[PDB]
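Listed next as structure tokens is one chain, alone, in the form solved without the named molecule.
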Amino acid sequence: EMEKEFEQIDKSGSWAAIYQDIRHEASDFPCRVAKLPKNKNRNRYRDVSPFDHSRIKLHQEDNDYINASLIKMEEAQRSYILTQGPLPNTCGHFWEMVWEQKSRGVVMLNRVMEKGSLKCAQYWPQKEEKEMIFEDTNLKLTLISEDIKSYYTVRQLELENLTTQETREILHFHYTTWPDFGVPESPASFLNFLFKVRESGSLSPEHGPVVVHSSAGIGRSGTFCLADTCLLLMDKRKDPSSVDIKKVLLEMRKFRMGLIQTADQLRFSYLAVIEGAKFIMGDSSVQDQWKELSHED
């Protein structure tokens, strides 16, 4: 089914039509808290807000608002937190969320500067000896080490809660070559990165939900989570071919608006899942073939 559908849609040049139908059929729920006048400076884009029903709340009497949503894929048995790229005044709120939700990993799919414009604050330290202290939420964040590859970087960060005196290791999975409104260089380089996240244990149910972000926390981020989710379903279902990508994406859109921003991201998502299915079907060797193909040197 899935692979035949990709064919017919490509044959038809109907990607745009298919993607527009998704847009038209997506959920609409209220975002009243996001829209409160006091939260204007907590929102990067006017047109990207969390639904009230799925918003992550900060453990704060002051103002519990962050632009972040919990995507809870019931059949897949995986949750993700999708958030915007934090603003200069929200970096503290970001790491407070990571802390309160017990996340292990943060997946960043954007750069801080894209096409000449600041898309995301510099929310993590670039140098070991220049740790960050978030005064408002009483957190400290230290770069321990990093592993730079050709198209992504993995960082080991230590997050300390200054109130409770506890520390946690956070893994930062940063895809540094995925353009805004664009797609990865290939399914293999995408999968190699996704499988690296998976193998780190950051997506395990013993931790809180991964935080996945881009600039808005919907386009690239949507692409990443939809692939992962579909590949999970492929592995759980009696029939691996029953996975309907369009349905899985409308399901995710119940939780955060606007996931997958272009038709070509939608198409890439299908490519990824189709290729990724070789692993799921049992051929655990193809991981090594993605690694080599991705040119991570």
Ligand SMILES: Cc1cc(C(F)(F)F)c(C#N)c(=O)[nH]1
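Quick note: we count residues from 1 along the sequence shown, nothing fancier.
The next section is about a form of this same protein that is not shown, the form solved in complex with the named molecule.
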Next item on the list: With heavy atoms only and a cut-off of 4.5 Å, decide whether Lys247 touches the named molecule in the deposited bound form.
Entry: yes
Notebook entry, point to check: Closest heavy atom of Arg237 to the named molecule in the deposited bound form, within 4.5 Å or not?
Noted result: yes
Notebook entry, point to check: Going by a heavy atom distance of 4.5 Å, is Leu233 a contact of the named molecule in the deposited bound form?
Noted result: yes
Next item on the list: Taking the named molecule as it sits in the deposited bound form, which residues of 73-90 have a non-hydrogen atom within 4.5 Å of it? Please list them.
Entry: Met73, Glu74, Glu75, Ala76
